[PDB]
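Step one of this worksheet: look at the structure below.
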Amino acid sequence: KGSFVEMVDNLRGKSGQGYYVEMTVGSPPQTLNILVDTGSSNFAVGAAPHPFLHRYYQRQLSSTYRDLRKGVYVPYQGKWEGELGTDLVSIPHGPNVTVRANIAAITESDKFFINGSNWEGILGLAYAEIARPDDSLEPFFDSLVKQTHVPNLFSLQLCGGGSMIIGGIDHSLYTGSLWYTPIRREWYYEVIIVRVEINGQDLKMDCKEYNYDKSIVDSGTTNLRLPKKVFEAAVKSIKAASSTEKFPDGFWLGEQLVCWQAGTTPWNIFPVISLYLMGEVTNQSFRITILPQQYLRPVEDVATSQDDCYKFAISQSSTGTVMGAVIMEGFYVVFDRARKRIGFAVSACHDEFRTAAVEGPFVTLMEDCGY
Ligand SMILES: NC1=N[C@@](c2cccc(-c3cncnc3)c2)(c2ccnc(C(F)F)c2)c2cccc(F)c21
Ligand code: NA
């Protein structure tokens, strides 16, 4: 155990409900399913009964628990609040190690836990800068790296199951080349989008529009979220490409499903979306190409099962671009913290006409694209 091979397929999930890894907290170990979240920096676990919780962290049963005598209140679409402490943590299908880490024991929450998601807490994988109550609460990955010989890198293969490879890159999880984009600032995993194309047609905006006010890679968000101006242009362009069929406005707003008779989804009418990411060299970029099989999220429901029903998984944001799970799915994503960069490669996990791609280089002879 502890080898990248034994880490393959260590993630599970429910579509739109996040991807989770099995973890243990306390001594003796208490097994919990934990949402893998690149969009936050707290390790926070249900620590009191809840209607949506199968199990929860019982601090009174752990001799290794240490109370930090400090509250944490996290309002955000909902909220969670609790108490801080430290305890022994391990990932049974991860590295062969046990570490002492900060843990926020969630004692009260609103719209945080989801009915039937199968997870009991969240593993915030981003940086200390966005940790709550402040940057002095060391995130889990920082403790893991400080306490062991685990390399300062992790990778995610999200399969729309999947794999979280801690401390390395597993070559069996992707094909082709790994293309790197710089982490602009170590808070969220912030990146820069330099160009957006839909059906190979450039949106023709100043590239700063794509990164208003930041662009991040977030496994804890389902959708591709875009700033208002970008979102409006994307929708207009997708509507034009798919004009042979007209859908309700609620569909485009992500509040209404679109259904087709089972096996008849007209994938061909929907365009490919290309996001060009800043390269590791000046004015060089690479693109990641997403198919409608990624941006039209199937909604599993026995009641609608004579059909295949989808939610449009692209939505408006007022807090910048969010490259959520629907974007990460079908790409092997390397969070290369040691080299302050994020790598993308086509994942080993489309149709007979098109395939998702990671390709480059592209030259734009260009202004700075960030805020
Ligand atoms: N990326 C994020 N992680 C948060 C979160 C909280 C609860 C459930 C999910 C989730 C639901 N469905 C599918 N995937 C994920 C995500 C989050 C917000 C605040 N505090 C934390 C904390 F635990 F670190 C996490 C969250 C809330 C809102 C916007 C976001 F970008 C995130
Ligand atoms: Na180390």
Side-chain angles (χ1 to χ4, degrees), residues 9 11-22 32-37 46 49-56 77-80 109-122 158-162 218-226 231 234-235 238-239 241-271 273 290-317 322 324-330 349-354 356:
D9 309 317
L11 307 182
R12 284 197 71 215
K14 182 146 165 181
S15 178
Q17 293 177 11
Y19 285 87
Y20 59 87
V21 71
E22 187 181 288
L32 294 176
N33 282 330
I34 308 299
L35 178 99
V36 167
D37 184 18
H50 189 276
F52 306 159
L53 283 184
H54 292 307
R55 54 190 168 188
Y56 60 87
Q77 308 108 331
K79 64 173 83 56
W80 68 264
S109 63
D110 189 51
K111 294 189 270 174
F112 178 85
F113 299 117
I114 313 158
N115 197 13
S117 69
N118 211 50
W119 55 257
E120 299 90 50
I122 294 187
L158 304 184
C159 305
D218 182 10
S219 62
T221 285
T222 298
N223 289 2
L224 167 56
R225 305 181 73 240
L226 301 165
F231 175 78
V235 170
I238 297 162
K239 275 192 200 164
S242 68
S243 68
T244 54
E245 295 181 32
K246 295 282 178 184
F247 312 112
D249 208 58
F251 166 70
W252 301 106
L253 288 168
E255 60 188 31
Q256 205 172 147
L257 294 165
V258 168
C259 307
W260 287 278
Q261 187 188 104
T264 76
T265 303
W267 304 112
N268 65 292
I269 77 164
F270 291 96
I273 297 170
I290 274 106
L291 301 196
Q293 285 93 330
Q294 282 146 285
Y295 69 78
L296 302 182
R297 181 176 65 82
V299 170
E300 307 296 283
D301 188 346
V302 182
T304 67
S305 72
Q306 80 172 19
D307 277 17
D308 290 325
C309 300
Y310 306 89
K311 276 277 181 75
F312 180 59
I314 303 173
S315 57
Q316 194 183 322
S317 170
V322 187
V326 301
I327 299 313
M328 300 186 65
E329 281 170 6
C349 72
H350 70 97
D351 57 40
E352 69 275 30
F353 299 102
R354 310 185 280 204

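Count residues from 1 along the sequence. Basis for what follows: all heavy atoms, side chains included, without hydrogens, waters or symmetry-related copies.
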Exercise for review: Could you walk me through whether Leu35 and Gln17 pass side-chain contact (heavy atoms from CB on, under 4.5 Å), step by step?
Suggested key: CA-CA 9 Å; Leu35 178 99; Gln17 293 177 11; over 6 Å; no
Practice item. Start with the C-alpha distance between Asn268 and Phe353, add both sets of side-chain angles, then the distance that settles side-chain contact (heavy atoms from CB on, under 4.5 Å), and finish with yes or no. Key: CA-CA 8 Å; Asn268 65 292; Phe353 299 102; 5.7 Å; no
Point to revise | side-chain contact (heavy atoms from CB on, under 4.5 Å) between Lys14 and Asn118, intermediate numbers included | key: CA-CA 8 Å; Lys14 182 146 165 181; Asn118 211 50; over 6 Å; no
Review point. Given the rule in the side-chain contact (heavy atoms from CB on, under 4.5 Å) test, do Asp308 and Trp260 qualify, once you have shown the distances and angles that lead to the verdict?
Key: CA-CA 6 Å; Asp308 290 325; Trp260 287 278; 5.6 Å; no
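Taking all atoms of both residues into account, the shortest heavy-atom contact from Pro266 to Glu245 is CG-OE2, 3.5 Å. Of all heavy-atom pairs spanning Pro292 and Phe270, the tightest one is CB-CB, 3.5 Å. Annotation for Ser117 and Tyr20: closest pair O-CE2, 3.3 Å, computed over non-hydrogen atoms. Scanning both residues, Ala234 and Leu226, for their nearest heavy atoms gives CB-CD1, 4.0 Å. Between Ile273 and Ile238, the shortest heavy-atom distance links the atoms CD1-CD1, 3.9 Å. For the residue pair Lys311 and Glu255, the shortest heavy atom distance occurs at CE-C, 4.1 Å.
Here the straight-line distance linking atom NZ of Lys239 with atom NZ of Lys246 works out to 7.5 Å at 0.5 Å rounding. Atom CG in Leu253 sits 10.0 Å away from atom OG in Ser315 (nearest 0.5 Å). To the nearest 0.5 Å, the span separating CD on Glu120 from CD on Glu22 amounts to 10.0 Å. Rounding to the nearest 0.5 angstrom, the gap separating the CG atom in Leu53 from the OG atom in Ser109 is 7.0 Å.
Under a cut-off of 6.0 angstrom, the local environment of CZ in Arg354 is crowded, with over 12 non-hydrogen atoms contributed by other residues, nucleotides or ligands. Counted within 6.0 Å of CD on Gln261, heavy atoms from surrounding residues, nucleotides or ligands total 12 or fewer; the atom is thus considered open.
In this structure, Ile290 and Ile327 have side chains that are in contact, with non-hydrogen atoms separated by less than 4.5 Å. For the pair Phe231 and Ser317, the minimum side-chain heavy-atom distance is 4.5 Å or more. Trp267 has its side chain within reach of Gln293: a pair of non-hydrogen atoms, C-beta onward, lies under 4.5 Å apart.
The backbone N or O of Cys159 lies less than 3.5 Å from a partner atom in the side chain of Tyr19, making a donor-acceptor pair. The main-chain N or O of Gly324 is never found under 3.5 Å from a side-chain atom of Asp218 such that the two would form a donor-acceptor pair. Checked by atom type and distance alone, the side chain of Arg225 pairs as donor or acceptor with a backbone atom of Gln316 at under 3.5 Å.
In this structure, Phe112 and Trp80 have tilted ring planes: the angle between them lies in the 30° to 60° band. The aromatic rings of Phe251 and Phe312 lie tilted to each other, with the angle between the two planes from 30° to 60°. Taking the six-membered ring where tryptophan is involved, the planes of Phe113 and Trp119 are tilted, since the angle between them lies from 30° to 60°.
Partner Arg297 forms a side chain to side chain contact (heavy atoms under 4.5 Å, CB included) with one of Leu257, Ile314, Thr222 and no other, that one being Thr222.
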